[PDB]
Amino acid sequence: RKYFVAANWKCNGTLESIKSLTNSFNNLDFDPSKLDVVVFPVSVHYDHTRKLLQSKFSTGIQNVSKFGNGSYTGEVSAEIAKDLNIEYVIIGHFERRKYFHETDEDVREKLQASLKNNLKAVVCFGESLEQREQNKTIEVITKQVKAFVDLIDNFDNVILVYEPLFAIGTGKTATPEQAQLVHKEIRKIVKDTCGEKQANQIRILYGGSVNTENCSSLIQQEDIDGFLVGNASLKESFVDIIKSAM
């Protein structure tokens, strides 16, 4: 499996900081045929970032609409995306499930619209702190994954991301072992419902807090194929997180 390292800038950035940040990123020398590195800027920053990042870096948007072109003020459709040649899109990030009540149904439809338009998808899912304490982690994960996994046709174009919400912002910590356990169960769910060749091909990223110090012990895990970095991706030291996967 080809490692995958994504930078989710979320809602941050100014024309200037981005110029500076990309300038750092460009310096890192790596083979894009051996590693996937994707940068997800704010929609209105897409063109700007794309012109500054060299071809070795892929780019994409943080969200895609579940509807197609039409009367949907404020949305961006997979079609619009395809036309601009955006390559990846993030789907189901917990922040959207939390503040915008995006449901598993939305996730499914968005994924469908994306695949139909030849977009690659970074699909997110994970259990809450409350669900983890109730030992429902696997039950929850299974449900969420089984909500869209059947729509996956090409397992090189859909990247799954496990976002242990429970650890993110609660004073908790997901250890390389804990994550490796779930990453194994997810991969098993794919195997049982899509076949082995597929399960061994699909990539499952860790989406909890990742930084220059813990990235190595994470990428080392068997079923962890890279990550979806958050705040760390806003620093120049992000290049080291990439190096950890070279």
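Heads up: residue numbers just count along the shown sequence, starting at 1.
Subject >> Given 65 to 73 and 25 to 33, the range whose Cα B-factors average higher in the PDB entry >> reply: Result: 25 to 33.
Original post:
Looking at the deposited entry, does 200 to 208 or 39 to 47 carry the larger mean Cα B-factor?
Top reply: Between 200 to 208 and 39 to 47, it is 200 to 208.
**OP:** Sort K172, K110, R97, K82 by C-alpha B-factor from the entry and give me just the highest.
**Re:** When the deposited C-alpha B-factors of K172, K110, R97, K82 are compared, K172 is largest.
Subject >> Per the PDB entry, maximal CA B factor within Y162, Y88, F166, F148 >> reply: In the PDB entry, the greatest C-alpha B-factor among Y162, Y88, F166, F148 is found at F166.
Original post:
Comparing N118 with the other modelled residues of its chain, is its CA B-factor in the lowest, middle or highest third?
Top reply: Middle third of the chain for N118's C-alpha B-factor.
**OP:** Ordered by C-alpha B-factor within the chain, which third holds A6? Give me lowest, middle or highest, please.
**Re:** For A6, the deposited C-alpha B-factor lands in the lowest third.
Original post:
C-alpha B factor of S216, ranked within the chain: lowest, middle or highest third?
Top reply: Highest third of the chain for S216's C-alpha B-factor.
Original post:
In terms of the chain's CA B-factor thirds, is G92 lowest, middle or highest?
Top reply: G92: CA B-factor falls in the lowest third of its chain.
Subject >> For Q180, the third of its chain into which the C-alpha B factor falls >> reply: Middle third - that is where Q180 ends up once the chain's C-alpha B-factors are sorted.
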